[PDB]
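This document opens with one chain alone, in structure tokens, the form deposited without nicotinamide-adenine-dinucleotide (NAD).
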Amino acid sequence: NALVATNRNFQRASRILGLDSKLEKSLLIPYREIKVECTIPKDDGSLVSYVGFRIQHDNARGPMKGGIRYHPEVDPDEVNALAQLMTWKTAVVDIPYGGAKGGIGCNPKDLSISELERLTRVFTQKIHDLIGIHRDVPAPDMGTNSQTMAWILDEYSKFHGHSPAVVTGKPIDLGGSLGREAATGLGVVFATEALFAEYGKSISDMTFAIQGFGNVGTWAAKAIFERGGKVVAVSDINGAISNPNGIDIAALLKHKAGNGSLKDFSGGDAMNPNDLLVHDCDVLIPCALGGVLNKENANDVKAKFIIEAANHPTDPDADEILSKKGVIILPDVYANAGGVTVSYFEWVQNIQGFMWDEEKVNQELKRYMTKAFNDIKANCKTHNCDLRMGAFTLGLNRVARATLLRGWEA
């Protein structure tokens, strides 16, 4: 549902900035769209043919950036919207990139691992002249992973020499960054610390409920727990657990790790996962699916803060119902941006030919997230708007300023 959410947010932000109508149309037209044939021999010799693609939306603020999806469902308009969302998101946290999105229309469960490698190399052979370290830097996405990126790196480097910075999300052995897996969860916590400091409160003052215990949910709960937060309720798709004292997340992660369901963790009480969103607590954090907060449950939300860790968790309905209940909402486009920020740091480390240790990675993540919250809050004063429009006007205005500085003559 990124399509309708990004278009509404762009439109509302554009109207706040008063963007000139002809600049807006240019900003909406992608820099370049590419489709290429990817034919490979299967392991038995016979042929399969797919179409690979790359939408390169904008590069006014620097090289394009975004994921590669190996997925059968390819809608050109959703891909355009995701690339465009990367352009705004990078500008919100002031990393020097524009947005792109690409992939191949295939089902990776139909392909062996040798076939996946051959497909990835042929894709790279078909697009290498269109990507690059200062041109367009791919990353994992639905259906791809760090091993995919190793194959892209290896094949790209035959055409342009050894180029570690041409992709992010690489394995550690080949130039990947430390702290990549925790970065989104940890960034969520850094961002909430900045928000709470605006009221002179800190994380150790609050109770939290967390919906989803995936990559973001586990790391976000770890970071809250180590900073003195009381996590009082944790949900995932199966079961859920609560504890008004605060759940021992350290123990809960160990329990999940040894193949344990939440519902049978001894350090809490089993609860219905459908009751998580309306749990009694200070802060709610959706980390699972989007659109879970609508107008049927919005008035029932007990939290006074919503940290949008998942993408698009609250719809327009709830956004207003909660806004007049006094609930402050920290928007997805900013709050979960620790991922793209550390992927930038990976690219920096490769460019500088010298890796950072993990303390340095987390030190800069915190600097970037804190500085972005202050820029957002400053915009909310200038335009007297909520934090979601502070964020979008910030990124949109930064892309517009760079576009206008660069000019239009040939």
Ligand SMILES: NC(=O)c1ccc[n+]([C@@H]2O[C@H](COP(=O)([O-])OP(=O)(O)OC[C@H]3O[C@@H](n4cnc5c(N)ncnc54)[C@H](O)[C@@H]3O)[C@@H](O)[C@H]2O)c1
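So that there is no doubt, residue numbering starts at 1 and follows the sequence shown.
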Please work out which of 328-336 and 235-243 has the higher mean CA B-factor as recorded in the PDB entry. 235-243
Residue stretch of maximal mean CA temperature factor, 36-44 vs 379-387: 379-387
Just the C-alpha B-factor column, please: which of 269, 141, 94, 117 has the biggest number? 269
From 290, 105, 179, 169, the top C-alpha temperature factor is at 290
Entry-reported Cα temperature factor of residue 162, expressed as the chain third it lands in: lowest
Sorting the chain's modelled residues by C-alpha B-factor and splitting them into thirds places residue 193 in the middle
Would you mind checking where the Cα B-factor of residue 123 ranks among the modelled residues of its chain, as the lowest, middle or highest third? lowest
Sorting the chain's CA B-factors, does residue 220 end up in the lowest, middle or highest third? middle
Among the modelled residues of its chain, does the C-alpha B-factor of residue 135 lie in the lowest, middle or highest third? lowest
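The protein also exists as the form solved in complex with nicotinamide-adenine-dinucleotide (NAD); that form is not presented, and the subsequent description refers to it.
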Just give me the single entry in 84, 177, 124, 184 that has a non-hydrogen atom within 4.5 angstroms of nicotinamide-adenine-dinucleotide (NAD) in the deposited bound form. 184
Partner-free chain; cross-checking nicotinamide-adenine-dinucleotide (NAD) in the deposited bound form, the single residue of 103, 229, 331, 212 with a heavy atom within 4.5 Å is 212
nicotinamide-adenine-dinucleotide (NAD) in the deposited bound form: contacting segment from 139-147, 264-272, 157-165, 221-229, heavy atom within 4.5 Å: 139-147
In the deposited bound form, residue 284 touching nicotinamide-adenine-dinucleotide (NAD) (heavy atom, 4.5 Å): no
Counting only non-hydrogen atoms and a 4.5 angstroms cut-off, does residue 216 reach nicotinamide-adenine-dinucleotide (NAD) in the deposited bound form? yes
Does nicotinamide-adenine-dinucleotide (NAD) get within 4.5 angstroms of any non-hydrogen atom of residue 309 in the deposited bound form? yes
Just to confirm, residue 235 within 4.5 Å of nicotinamide-adenine-dinucleotide (NAD) in the deposited bound form by heavy atoms? yes
Using a 4.5 Å cut-off on heavy atoms, what residues in 151-173 are near nicotinamide-adenine-dinucleotide (NAD) in the deposited bound form? none
